[PDB]
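Worksheet: the structure to be examined is printed underneath.
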Amino acid sequence: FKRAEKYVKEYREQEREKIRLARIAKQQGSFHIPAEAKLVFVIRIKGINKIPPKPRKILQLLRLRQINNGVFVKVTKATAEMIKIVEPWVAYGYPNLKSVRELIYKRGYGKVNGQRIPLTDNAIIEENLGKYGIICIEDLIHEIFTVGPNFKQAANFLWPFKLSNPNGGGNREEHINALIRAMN
Amino acid sequence: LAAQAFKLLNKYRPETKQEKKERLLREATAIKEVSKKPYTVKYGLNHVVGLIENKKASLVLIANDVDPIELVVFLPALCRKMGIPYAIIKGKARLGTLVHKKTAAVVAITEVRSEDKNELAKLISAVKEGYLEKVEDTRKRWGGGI
Amino acid sequence: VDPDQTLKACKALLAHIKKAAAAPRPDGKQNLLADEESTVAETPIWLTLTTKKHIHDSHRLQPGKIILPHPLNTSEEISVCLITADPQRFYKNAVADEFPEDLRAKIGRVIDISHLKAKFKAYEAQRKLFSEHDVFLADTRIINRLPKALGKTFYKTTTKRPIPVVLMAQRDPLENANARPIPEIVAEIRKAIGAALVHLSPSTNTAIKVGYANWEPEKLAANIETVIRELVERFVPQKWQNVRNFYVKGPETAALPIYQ
Amino acid sequence: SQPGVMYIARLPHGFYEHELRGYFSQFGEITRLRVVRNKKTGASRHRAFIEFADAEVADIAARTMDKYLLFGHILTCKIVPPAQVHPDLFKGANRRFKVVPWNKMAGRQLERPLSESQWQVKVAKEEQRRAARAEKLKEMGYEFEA
Amino acid sequence: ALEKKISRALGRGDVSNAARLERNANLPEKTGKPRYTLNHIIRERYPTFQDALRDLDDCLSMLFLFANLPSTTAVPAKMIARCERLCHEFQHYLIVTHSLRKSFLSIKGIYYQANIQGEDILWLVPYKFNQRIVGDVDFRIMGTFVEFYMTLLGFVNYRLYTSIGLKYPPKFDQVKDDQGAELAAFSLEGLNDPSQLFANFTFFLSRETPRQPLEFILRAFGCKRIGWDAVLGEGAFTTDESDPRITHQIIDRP
Amino acid sequence: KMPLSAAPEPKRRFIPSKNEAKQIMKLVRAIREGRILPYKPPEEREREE
RNA sequence: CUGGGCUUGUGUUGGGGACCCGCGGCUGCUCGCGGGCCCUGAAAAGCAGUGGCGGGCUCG
């Protein structure tokens, strides 16, 4: 027996989603960012239950379906459109290189040929694709910590890291380093 | 109605012994190195009955399971005589939780802060419409039977 | 636009309102709280621009200030409220130890935005606030927030909408409150109170307050001329291409036209 | 077996038709539902009329949801007897109520280029209307010409 | 009863009282320091400092394994970050006193052998790679041996650090460690055959080469200058391979 | 319509608490003689255990 | 135009009234759009009206 309050909370919380999405589409698909390019790590955040179709397909585009997983992404003009659309269900900010270091070493898993198997060996990274300058684990970090000409290909090999659930614990400048630190 | 009552009343919970001592240590420290009247939830049977009799209460909540029931039998009718809206509530344990005791037979609100005078008057209207109107022609009738 | 015929209308409409007010009312009743001079005064006449296009095809809901050579609301009974986007106690201390003597008198109540949403969310309270003051200011950091806070009771009518006031420097509240130097604040408050106000609505008629019916007409004529020239050059698009009739009319009388 | 019409008012903002249909469909079978809106701006008048399949489920839903403090609104759900039930009471049930932007419509309805023959009618309606205003300010002692 | 009282203010409802009881709990998930004081237990368990080095055979090798391990519910990431801190503290002692002599590698990983006060200590470090914990294993048991070897190595490296006289604990920088310095994030101020091997040598590590074991071995034998790639780490010798100061560059490429 | 008691209301209902004031000064003497540590804000508690 | 401002940033509960207007239409009364002056517990008892793109449900 769903109570009436839950119904009213839904509609007020869907109209605010409609209002904000109109404001994004009104101004432009742009964000007030300096011209220097950076990299953003995005983490799924538990949020609004019912997802509108346009934030839903952007989670699908960012392979963000299941909760709490996370992917890497650079900045384009197009990325800031996806950033501020899916923002109430994600947390974003520029990570640090050592934060990537745990994410490929301790948190690293593998995706090749459409089936998800764990990382097995460095030669398995060669076996996966291993071709576009891919010789070890630091290939992914080189495409991540530095902006990569084949980082889109590096993301194509990449799978959303299923991050760990913490126990009791706007762009973050470097405060996202604290995000994985409780979520590693 | 019980849930909406405790939404307002939990905002007016009395201070615990831990945080009362902390505030006393705060003010004593500042003297070594400005406030208004505190609005809390009024409790205590002898205190609340006096607040009823001086018309100082605005809403009254009465536990339905006081095991000498003589302590609360006159209390709905006394609130009716002076005009104060009352509501019989489930749980003498629930009211004691609200007021940091094991038990509480009666709970009264007297005056609330200015940020929530509207939702108290809305809660009072929800008692004289949702509770005291249905009780009206069934509070004078004998219970049970067979 | 011509000034002399504007003046001779301004004589005629203003002289009419004295004849209308001084005429007795036929059910044999008087008014305790309405002197003949007090109702000859306190009755504003206002300029009604008529356009061709619907100007600013949206609801602007934020007034624009036209600096008037001689101010509008500088009487002795004006209660004014300053809605501020920062700790209320900093502005409360600012208006108490400073803000001359006239501004100290007119400051009725300064209220934080956070304290406004807690104490004035209901529609009793935003109606009690409407009837208690006369002019409402607002910091420019909360001009957008006031439609939700002070709703239809403050924004259905254009008589009392919050006036945009800049009160910034060029965040933890107790540590820092980014404000101007205090003399630059009180000087700017003076400008905002006595300024004629434009209100852009998807409409053809715009009513701009020009003064009350106890001023002397040449004072009014200099004031309406500045309202005319400021509004066309700055606010209405297609400056003189979209211009149309310009009436002046009191709250209980007919419309006196000027054409452009 | 006749349908029963229930009048619900003091509707919170958010408790519109699809949420109104969804909640009361958990009680029984909802046949026709229509909230009372405004043709000028699409906006509820905080008042809706519903009609169920069975009269038993109409009395059950109204009696259990009569005074229910929902988002600051103590509701009022009453049963309209079949003696009254106005025949044209569900003229727009189970239909979207679109928000027609008349002010944007009429604002640029003025702006479109117009016929030259109509522009003659524009002048005639103008000169009739200016002439009568010249009459109605001549007892005010005013003459203006254009 | 303390976890019974943390169900107290949670049950009746008191967020402030639930907090002040749980700061008083001092739970290991936010501290890294252990829940219970193991001072008197190790007082009765191990009799002499030589047996601490004998127990250092087991104490080090799991913590090098645990520091590479990811986090579970039983072992918080702050416990691993304290494991990675404490595993680095024993490494910084070894590279100062040059006590590392023998090293072996196998399928299990990397074995190091070091003599401290005439006592040989052997520990196994697997490679920098996430290990499958597939099967029936107990993390609750495993989290205790973390707490065991946290306090023991913390006690062992405290005794030896005053023995060498350098001030303890060593000072650490947060964000410069967050840039990926790993071993080189920390400053050591000496007052509060091994050396002759690569006494004056210049080293560079490339992109494939294992950064952590190579730097640990080189600094243990007194290699003054070790550089590596900007993506392997930072706060090192100049990354550019065109700089002719480098004598030997470590490369494992086909 | 009117309250039952016509007794006057004491002035202690309109002024700050006497008993709280006497308890404050007892803590002041403890801080003066150093028996009780002074108040530490939660920010200082964040720089603690 | 270095120093003071400017310009975008669209976000309003609903009813009623024994009142003054401006602009649109129609053979027309009158009805729309926008103001002004009052009343109102976040109050409430048909009077729902304007043409369309797409998609869905259907008939061949």
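Chain identifiers are assigned as A, B, and so on, following the order in which chains appear in the structure tokens; residues are numbered from 1 within each chain, and ligands are numbered from 1 in order of appearance.
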
Practice problem: Output the contact residues of chain G with respect to chain C at a cut-off of 7 Å, based on only C-alpha atoms (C1' of nucleotides), as a list in words. | Solution: residues 11, 12, 20, 22, 23, 34, 35, 36 and 42 of chain G

Practice problem: Identify all residues of stretch 18-146 of chain D in alpha helix (DSSP H) (DSSP on the backbone) and supply them as an MDAnalysis selection string. | Solution: chainID D and resid 18:24 55:64 102:109 116:136

Exercise. Figure out the distance between atom CA of residue E:7 and atom CA of residue E:82, please, to one decimal in Å.
Key: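 According to the coordinates, atom CA of residue E:82 and atom CA of residue E:7 are separated by 29.0 Å.
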
Exercise. As a VMD selection string, please: all residues of chain A that backbone DSSP puts in strand (DSSP E or B).
Key: chain A and resid 39 to 44 69 to 74 90 to 93 112 115 161 to 162 172

Export of prior selection with C-alpha atoms as a compact mmCIF listing (two decimals), in the first residue's frame:
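Saved file part_36.txt follows:
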# COMPACT_ATOMS: atom_id res chain seq x y z
CA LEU A 39 40.47 14.40 -16.86
CA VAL A 40 37.40 13.58 -14.77
CA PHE A 41 36.62 10.44 -12.80
CA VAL A 42 32.87 9.96 -12.36
CA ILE A 43 31.25 7.74 -9.74
CA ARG A 44 27.62 6.63 -9.66
CA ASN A 69 30.55 1.65 -10.58
CA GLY A 70 32.71 4.32 -12.18
CA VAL A 71 34.54 5.18 -15.40
CA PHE A 72 37.19 7.64 -16.57
CA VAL A 73 36.45 10.46 -19.01
CA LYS A 74 38.35 13.45 -20.41
CA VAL A 90 26.99 11.19 -10.22
CA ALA A 91 29.99 12.64 -8.42
CA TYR A 92 32.72 14.16 -10.57
CA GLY A 93 36.08 15.83 -10.21
CA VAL A 112 38.05 -7.90 -23.80
CA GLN A 115 33.11 -10.81 -21.91
CA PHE A 161 35.29 -0.37 -11.98
CA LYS A 162 32.93 -1.81 -9.37
CA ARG A 172 35.36 18.79 -6.62

Practice problem: Skip residue C:65 itself and residues of its chain fewer than 4 positions away, then list as a ChimeraX atom specification all residues within 7 Å of it, counting only C-alpha atoms (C1' of nucleotides). | Solution: /C:192,195-198

Please find the residues of chain A near chain D - the criterion being any atom within 8 Å, counting only C-alpha atoms - and write them as a PDB file with N, CA, C and O atoms, in the first residue's frame.
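Listing of selection-v3.pdb after writing:
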ATOM      1  N   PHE A   1       0.890  -1.157   0.000  1.00  0.00           N
ATOM      2  CA  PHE A   1       0.000   0.000   0.000  1.00  0.00           C
ATOM      3  C   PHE A   1       0.927   1.205   0.000  1.00  0.00           C
ATOM      4  O   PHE A   1       1.330   1.691   1.058  1.00  0.00           O
ATOM      5  N   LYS A   2       1.213   1.712  -1.192  1.00  0.00           N
ATOM      6  CA  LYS A   2       2.051   2.924  -1.291  1.00  0.00           C
ATOM      7  C   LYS A   2       1.262   4.100  -0.751  1.00  0.00           C
ATOM      8  O   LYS A   2       0.176   4.361  -1.274  1.00  0.00           O
ATOM      9  N   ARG A   3       1.825   4.794   0.229  1.00  0.00           N
ATOM     10  CA  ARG A   3       1.157   5.963   0.844  1.00  0.00           C
ATOM     11  C   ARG A   3       1.061   7.131  -0.143  1.00  0.00           C
ATOM     12  O   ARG A   3       1.833   7.152  -1.116  1.00  0.00           O
ATOM     13  N   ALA A   4       0.182   8.086   0.127  1.00  0.00           N
ATOM     14  CA  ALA A   4      -0.066   9.201  -0.805  1.00  0.00           C
ATOM     15  C   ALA A   4       1.115  10.147  -0.818  1.00  0.00           C
ATOM     16  O   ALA A   4       1.354  10.774  -1.852  1.00  0.00           O
ATOM     17  N   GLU A   5       1.785  10.270   0.310  1.00  0.00           N
ATOM     18  CA  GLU A   5       2.922  11.201   0.402  1.00  0.00           C
ATOM     19  C   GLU A   5       3.941  10.825  -0.654  1.00  0.00           C
ATOM     20  O   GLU A   5       4.499  11.748  -1.261  1.00  0.00           O
ATOM     21  N   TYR A   7       3.593   9.464  -3.527  1.00  0.00           N
ATOM     22  CA  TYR A   7       3.133   9.974  -4.836  1.00  0.00           C
ATOM     23  C   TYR A   7       3.445  11.460  -4.998  1.00  0.00           C
ATOM     24  O   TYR A   7       3.885  11.843  -6.083  1.00  0.00           O
ATOM     25  N   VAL A   8       3.202  12.275  -3.982  1.00  0.00           N
ATOM     26  CA  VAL A   8       3.385  13.748  -4.130  1.00  0.00           C
ATOM     27  C   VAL A   8       4.876  14.048  -4.193  1.00  0.00           C
ATOM     28  O   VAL A   8       5.260  14.923  -4.974  1.00  0.00           O
ATOM     29  N   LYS A   9       5.681  13.305  -3.442  1.00  0.00           N
ATOM     30  CA  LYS A   9       7.143  13.547  -3.428  1.00  0.00           C
ATOM     31  C   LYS A   9       7.659  13.266  -4.824  1.00  0.00           C
ATOM     32  O   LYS A   9       8.482  14.052  -5.298  1.00  0.00           O
ATOM     33  N   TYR A  11       6.200  13.585  -7.873  1.00  0.00           N
ATOM     34  CA  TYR A  11       5.848  14.585  -8.876  1.00  0.00           C
ATOM     35  C   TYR A  11       6.631  15.871  -8.653  1.00  0.00           C
ATOM     36  O   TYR A  11       7.059  16.515  -9.617  1.00  0.00           O
ATOM     37  N   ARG A  12       6.823  16.266  -7.395  1.00  0.00           N
ATOM     38  CA  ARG A  12       7.601  17.471  -7.136  1.00  0.00           C
ATOM     39  C   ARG A  12       9.065  17.244  -7.471  1.00  0.00           C
ATOM     40  O   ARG A  12       9.787  18.178  -7.835  1.00  0.00           O
TER      41      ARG A  12
END

Practice problem: Could you check which of E:93, E:221, E:204, E:228 is closest to residue E:156, using only C-alpha atoms? | Solution: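 With only C-alpha atoms as the atom set, the closest residue is E:93.
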
Practice problem: Write out as a PyMOL selection string the residues lying within 6 Å of stretch 95-107 of chain C, counting only C-alpha atoms (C1' of nucleotides) and excluding same-chain residues fewer than 4 positions away. | Solution: chain C and resi 79-80+186

Create the file for the chosen residues now, containing N, CA, C and O atoms and written as a short mmCIF file (atom, residue, chain, number, x, y, z; two decimals), in the first residue's frame.
data_model
loop_
_atom_site.label_atom_id
_atom_site.label_comp_id
_atom_site.auth_asym_id
_atom_site.auth_seq_id
_atom_site.Cartn_x
_atom_site.Cartn_y
_atom_site.Cartn_z
N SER C 79 8.32 52.63 5.59
CA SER C 79 8.98 51.48 6.19
C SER C 79 9.61 50.69 5.06
O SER C 79 8.95 50.40 4.06
N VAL C 80 10.88 50.37 5.21
CA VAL C 80 11.62 49.72 4.13
C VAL C 80 12.30 48.48 4.71
O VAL C 80 12.64 48.43 5.90
N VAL C 186 25.42 52.50 2.10
CA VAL C 186 24.31 53.38 2.48
C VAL C 186 24.03 54.39 1.37
O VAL C 186 22.87 54.77 1.14
#

Quiz item: Mind pulling up the distance from atom CA of residue B:79 to atom CA of residue B:140?
Solution: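 Going from atom CA of residue B:140 over to atom CA of residue B:79 covers 15.4 Å.
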
Quiz item: Between G:25, G:15, G:9, G:46, which one has atoms that come closest to chain D, using only C-alpha atoms (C1' of nucleotides)?
Solution: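 Of all the options, G:46 lies closest to chain D.
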
Practice problem: Report as a PyMOL selection string the set of chain F residues whose atoms approach chain B to within 8 Å, with distances computed over only C-alpha atoms. | Solution: chain F and resi 1-5+16+20+23-25+27-28+31-32+38-39

Exercise. Excluding stretch 54-68 of chain A and residues on its chain fewer than 5 positions from it, collect all residues at most 8 Å away from it, counting only C-alpha atoms (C1' of nucleotides), and give them as a PyMOL selection string.
Key: chain A and resi 43-46+82+85-86+160+162-165

Emit the selected residues as an mmCIF file, in the first residue's frame, including N, CA and C atoms.
data_model
loop_
_atom_site.group_PDB
_atom_site.id
_atom_site.type_symbol
_atom_site.label_atom_id
_atom_site.label_comp_id
_atom_site.auth_asym_id
_atom_site.auth_seq_id
_atom_site.Cartn_x
_atom_site.Cartn_y
_atom_site.Cartn_z
ATOM 1 N N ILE A 43 31.706 8.850 -10.563
ATOM 2 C CA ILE A 43 31.246 7.741 -9.741
ATOM 3 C C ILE A 43 29.733 7.822 -9.642
ATOM 4 N N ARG A 44 29.067 6.684 -9.822
ATOM 5 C CA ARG A 44 27.622 6.627 -9.663
ATOM 6 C C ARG A 44 27.227 6.937 -8.226
ATOM 7 N N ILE A 45 26.211 7.781 -8.071
ATOM 8 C CA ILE A 45 25.718 8.211 -6.770
ATOM 9 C C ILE A 45 24.252 7.816 -6.672
ATOM 10 N N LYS A 46 23.882 7.163 -5.570
ATOM 11 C CA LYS A 46 22.482 6.843 -5.318
ATOM 12 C C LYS A 46 21.673 8.126 -5.201
ATOM 13 N N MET A 82 27.145 16.040 -20.963
ATOM 14 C CA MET A 82 26.760 14.842 -20.230
ATOM 15 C C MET A 82 27.024 15.000 -18.745
ATOM 16 N N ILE A 85 24.078 17.002 -17.138
ATOM 17 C CA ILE A 85 22.784 16.349 -17.291
ATOM 18 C C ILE A 85 22.619 15.249 -16.251
ATOM 19 N N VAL A 86 23.672 14.475 -16.016
ATOM 20 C CA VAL A 86 23.576 13.299 -15.161
ATOM 21 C C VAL A 86 24.085 13.635 -13.764
ATOM 22 N N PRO A 160 33.751 -0.409 -16.421
ATOM 23 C CA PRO A 160 33.463 0.381 -15.211
ATOM 24 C C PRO A 160 33.874 -0.356 -13.946
ATOM 25 N N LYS A 162 33.894 -1.630 -10.455
ATOM 26 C CA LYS A 162 32.934 -1.807 -9.370
ATOM 27 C C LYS A 162 33.629 -1.427 -8.071
ATOM 28 N N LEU A 163 33.435 -0.185 -7.640
ATOM 29 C CA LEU A 163 34.097 0.316 -6.446
ATOM 30 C C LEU A 163 33.476 -0.288 -5.189
ATOM 31 N N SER A 164 34.196 -0.158 -4.079
ATOM 32 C CA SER A 164 33.802 -0.790 -2.828
ATOM 33 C C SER A 164 32.882 0.120 -2.027
ATOM 34 N N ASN A 165 31.923 -0.494 -1.345
ATOM 35 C CA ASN A 165 30.944 0.246 -0.563
ATOM 36 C C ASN A 165 31.585 0.772 0.716
#
